[PDB]
Every structure is written in C-alpha cells, then in structure tokens.
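These notes concern the structure reproduced below.
The numbers here are math on the coordinates, done by the rules we state, and not lab data. Every residue, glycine as well, gets a Cβ built from its backbone with ideal geometry; the counts of neighbours run over all protein chains shown.
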There are 2 protein chains.
Amino acid sequence: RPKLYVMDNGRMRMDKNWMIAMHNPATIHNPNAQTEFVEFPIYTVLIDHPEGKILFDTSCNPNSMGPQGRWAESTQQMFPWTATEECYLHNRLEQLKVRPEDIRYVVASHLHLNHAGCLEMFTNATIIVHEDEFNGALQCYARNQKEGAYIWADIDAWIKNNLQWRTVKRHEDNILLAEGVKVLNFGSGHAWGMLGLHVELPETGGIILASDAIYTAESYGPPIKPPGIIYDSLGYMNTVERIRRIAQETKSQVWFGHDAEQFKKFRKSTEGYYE
Amino acid sequence: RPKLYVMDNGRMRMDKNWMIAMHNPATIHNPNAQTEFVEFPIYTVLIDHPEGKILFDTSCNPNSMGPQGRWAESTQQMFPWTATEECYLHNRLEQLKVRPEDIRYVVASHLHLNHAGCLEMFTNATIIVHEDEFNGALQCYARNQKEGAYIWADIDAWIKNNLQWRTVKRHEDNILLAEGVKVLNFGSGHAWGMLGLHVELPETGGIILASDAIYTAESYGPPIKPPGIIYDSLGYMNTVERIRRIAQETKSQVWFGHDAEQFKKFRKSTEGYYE
Ligand SMILES: [Co+2]
Ligand SMILES: [Co+2]
Ligand SMILES: [Fe+3]
Ligand SMILES: [Fe+3]
C-alpha cells in the first residue's frame, strides 16, 4: 500500500549539553571541563499514502543561514546548519516527483527552527500542530522575539502564506490521519507541545517517529538522559517512557529525532523507501 | 521577641552549569567551551523563638568528605565541601549556647546532601519535610543508591537515630510553626519537594528563606535562569515567581540558598543576629 521516505535535510552542530544535559560535569581535577560541538542529522519523512501524502517535519528554511539569513547571528553560531541544495526539502521532494501542493497533511512535531523551517511551502496542506506549541510560537512572534529556536521570519511567512492549521488540543486523543498513520499527542516536554507519528507499514511493520521527544539512543537509554533544551522535564520523562511502552506493545521501531548512527543506517530517498 | 542567626557551615564548589543550566554554550568559534568550578556558601538559619527554637536546614555531615567519608568519591569530587571545625553546625550552635536537644523544629528545605547532613543530631525535634522529598530519598535508600545528592549513610543515620518526622502533604497549606514563622510548601522544582520559611521579624521585617528554590540572584533575575540540578522545570519556574509575588506583597527580603555575594553581606552568628 504505502511508501515511506527518509529525506536527508542536512546536518546541524550544537553543544552536547543541549543534547545530553550535564554530559561531562566539572570536577576538582577538571574544574574547567570542556564540552563538544556535536553534529546531528536533520531529516523529514514522507508517507506516500493512497489516502494522501503525509509529511512529518519540514527541516530548516533555505534562507536560514548566512548574512541575509532569517536566523539571528547568535542562533547561526550556536546551532549552525550545513546543507547542500540537494538537502533542501523542496529538492528532496522534487527528486521524488512530489510538489508541495501534493501534500495533504503536514505534521509538525514541534515548531523549532529545524523542524518547521519549510511549513510555508505547504499552502494546500492541513498543518497539524500541538495547540500549546502553536500558541507558544505565536507569542514569540507577537513579542517580537528575534533570538531563540522560534524563527520570527519563519512564523511571519506562515501567516503571510495563509497556512491552514489543525491544532491538537492538550487533552486530545491520538488522531487517525490515515490507515496505519496515527498522530501521537506527546504533549509538553522538549517543547510546549510535541507530536509524534505511529506508522504501521505492511512489510516494515510499526514505526514511531519520536522527533525531539527523543534526541538519540543515548537519550533513550535506559536510563533516560534528558536534554538541555527542555521546557517540561517531567512531561519529557513521561513521554520517553510512554514511547518505550508503545514500542514494546506494538513491536514498533523508534526513530529518534537527531541520531547520527541510526540515520546512517536508514535507507534515504536517494536509495529507496519503506513499505 | 525572636533572634534569627545565620550560621556559616562552610563552602562548596561545583560546575556552574549545575547552578545556571547552559550558562556558556559552545559556538562555531568556541566549540569546546569551558565551564567554571564556582564556590558557594552552605548556611543554616536558627530562629531562637520564645515558642521554641526553629532550625532551617542542617548543612553537611562532619564525616561527609575524605577517604572514610559518607559521600561517595564521585560526589566528593563533583561537589567538594570545605569546612573548618568552627563551620560545623554542632559547633556553630555550641557557640550560641544551643544544644541539639534544644531544637523543637527542624525544617528541611529538601534532603540534598548539603541541607540534610546533620538531621541526625536533632533527636528531640520535629523534622518538617515535604512528603514527596521524604519518599524520594527513602527510595534512594531502599534501592541502595550510593551515588547522587541523597547520602545513603545520612539517611541510614536518620532511621537509626529514630527521628520524629512531620511530612508536609503535597497539597497542604502553609504551616504556622510559630508567631511570625510560616513553613512555605513550594512543592516540586529543584527537588521532589521544597519547603521555604517566611519569617516576620519585629525589627528586620519579612524574610523568605528560599533555599535551593532560588540558588542565586542570577537565578532570580528577572528573567529566571534555571539550574542544571532540577526535577520539575515547570514547578521550579512557578515557585520562583511565587516567591517574587510573596516578597512583593509582604515587602520581604529573599534569602537565596547559595549566593556568595548575598552571604557576604549577611550578619553571621559570630557577629550577631536579626530581630
Ligand atoms: Co527541538
Ligand atoms: Co539542593
Ligand atoms: Fe530538533
Ligand atoms: Fe543546596
């Protein structure tokens, strides 16, 4: 029935402490302990479904980086994005003969700069987003916040391009978007409102797209190693355990948001898909 | 009526990222950004009240550090405590002609190693503690956790010395402990359950003892700069703002848990007291 594509939208580097909070604490013997600037993948997932094309996340906007970049300079320096034109989502989709207009549904895991970058392209889609995440980003916008993980120029484009939103309510149940495609309401954790996907593929089986609910296998453990980027510590911990339970009960794989190792092993859109 | 004493119970050093989460993030230009290893005061407060002597916090145990120390070696290395004999609470109290047996109430802000160290001394007192904090530490003990901020040997002593506990229930209102002395139920934040004191002194006026609900003036802001040592991020943020409001409405000073600058300006027990 359906085909699932992993599209490579480039790499980003940041302080490991953002990814694993307090990963290497200072000691009497190492009072000025150093961190690392680690690299991690940015990716999106296309589910080419007979009921319609579903896109999970949208990576970064092409005009994110550089002197004329939408991203503030501090942001560009703390979370630099490296991507070839081939890695841009529009191009990755073009290489699959998919036009933005062909996307029925976009699922925004959250509205961070490296997941909601290209929402603006999908003007014929219904954008599914957690209401608290939406609200939180709209406040960043309204208060003219220019630094941080919510890109003002990105949100501006969303509104100017008249996107069609479908917010997931705080206590809303999981949404069946299509046969074998369920939107999981993880709620507050890494961000204000986290959404995930459960995909049931005829051949591959079950897949949980966790996005930044779980950064990496190191995050996942056990035991859980929480991130530095976190809004609701408790919601985060609960979400990870919930994902772990869903995986074991549905015998599903868990695809982390930003795990280099796991990504290396993924079959990307230049080699094929998952059925 | 009452006399309030600030007792210097030593100094401790740790990674600044514990105090201020992500205080100096790595950048493209500083990929191996360094943390610092900062010094901060450990103190306790004695309210010599006509209704009875109230102690807020108990510092670290004398036998905490060194090869035969109660603290695990990793803990002694990440959170080293420096203290001369005079800084020990038993001695600080002795210099005020105060015997452990003279304490009617001990208020444990939380049960971290540097606040609950000497609970065992107060065998004739009622130990007031948040129930969630108590529960959390009793689990650390039962699971024989020997690393971390909850010292197994400390907890072992509490049970052996048959301390008399009074737990503050999760949704319990503030407790009037004595005229002008209220226990503030902050709940989860820095740790599982945090208690503060509001003291109304005839001369000095209102004082909020925040303990680790607010590490420092930098934590307090505004804006709030949360710590790396945190269980409930949201509860933490709520608590700080609650303190700000109480302070404003009660025209009260806020005494932070571990603020080097503020502590220097405090009149300690070797110079006098607050009335
Ligand atoms: Co994110
Ligand atoms: Co503490
Ligand atoms: Fe991300
Ligand atoms: Fe402390």
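Here are the numbers for this structure:
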{"item": "From the options B:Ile229, B:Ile243, B:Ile159, residue that is free of Cβ contacts under 8 Å to residues at least 24 places away in the same chain and of a type outside the set (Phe, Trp, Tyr)", "result": "B:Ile159"}
{"item": "Qualifying residues in region A:1-53 (those that are of a type in the set (S, T, N, Q) and facing chain B (nearest Cβ under 10 Å)) - the one surrounded by the most Cβ atoms within 10 Å (Cβ to Cβ)", "result": "A:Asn17"}
{"item": "Meets criteria (more than 18 Å from the chain's Cα centre (by Cα), of a type in the set (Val, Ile, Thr) and more than 16 Å from ligand 2 (Cβ to nearest atom)) for A:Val106", "result": "no"}
{"item": "Scan of region B:250-271 for residues that are out of contact with any strand residue (DSSP E or B) (no Cβ under 7 Å at 6 or more places or on another chain) and within 16 Å of ligand 2 (Cβ to nearest atom), ordered by number", "result": "B:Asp259"}
{"item": "Pairs where the first residue, in region B:253-271, is touching a residue at least 60 places away in the same chain (Cβ under 8 Å) and the second is of a type in the set (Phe, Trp, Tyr) and surrounded by 14 or more Cβ atoms within 10 Å (Cβ to Cβ), C-beta under 6 Å, 6+ apart", "result": "B:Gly257/B:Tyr215; B:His258/B:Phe40; B:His258/B:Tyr215; B:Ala260/B:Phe40; B:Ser269/B:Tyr5"}
{"item": "Filter result for A:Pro62 (within 18 Å of the chain's Cα centre (by Cα) and away from ligand 2 (no atom under 16 Å from the Cβ))", "result": "yes"}
{"item": "Any hit, region A:76-91, residues being buried (at least 21 other Cβ atoms within 10 Å of the Cβ), small (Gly, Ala, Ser) and more than 17 Å from B:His29 (Cβ to Cβ)", "result": "no"}
{"item": "Within region A:156-275, helices (runs of 4 or more DSSP H) holding 3 or more residues that are out of contact with any helix residue (DSSP H, G or I) (no Cβ under 9 Å at 6 or more places or on another chain)", "result": "A:233-250, A:260-265"}
{"item": "Considering residues of region B:77-95 that are within 14 Å of another protein chain (Cβ to nearest Cβ) and touching a residue at least 40 places away in the same chain (Cβ under 8 Å) only, the residue nearest to ligand 4 (Cβ to nearest atom)", "result": "B:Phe79"}
{"item": "Among the residues listed as B:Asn238, B:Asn174, B:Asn161, the single one being more than 16 Å from ligand 2 (Cβ to nearest atom) and within 14 Å of chain A (Cβ to nearest Cβ)", "result": "B:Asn238"}
{"item": "Number of positions in region B:180-228 that are on the phi > 0 side of the Ramachandran plot, away from ligand 2 (no atom under 16 Å from the Cβ) and either β-branched (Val, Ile, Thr) or within 14 Å of another protein chain (Cβ to nearest Cβ) (or both)", "result": "0"}
{"item": "Answer residue from region A:96-112, given it is touching a residue at least 12 places away in the same chain (Cβ under 8 Å) and surrounded by fewer than 23 Cβ atoms within 10 Å (Cβ to Cβ) and is nearest to ligand 4 (Cβ to nearest atom) among those", "result": "A:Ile103"}
{"item": "Residue ID - surrounded by the fewest Cβ atoms within 10 Å (Cβ to Cβ), chosen from residues in region B:113-140 that are outside any helix (DSSP H, G or I) and more than 16 Å from ligand 4 (Cβ to nearest atom)", "result": "B:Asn124"}
{"item": "Subset of region B:147-158 that is surrounded by 14 or more Cβ atoms within 10 Å (Cβ to Cβ) and away from ligand 2 (no atom under 16 Å from the Cβ) - its residue that is nearest to the other protein chains (Cβ to nearest Cβ)", "result": "B:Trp152"}
{"item": "Test: residue in region B:185-207 that is among the charged types (D, E, K, R) and under 19 Å from the mean Cα position of the chain (by Cα)", "result": "no"}
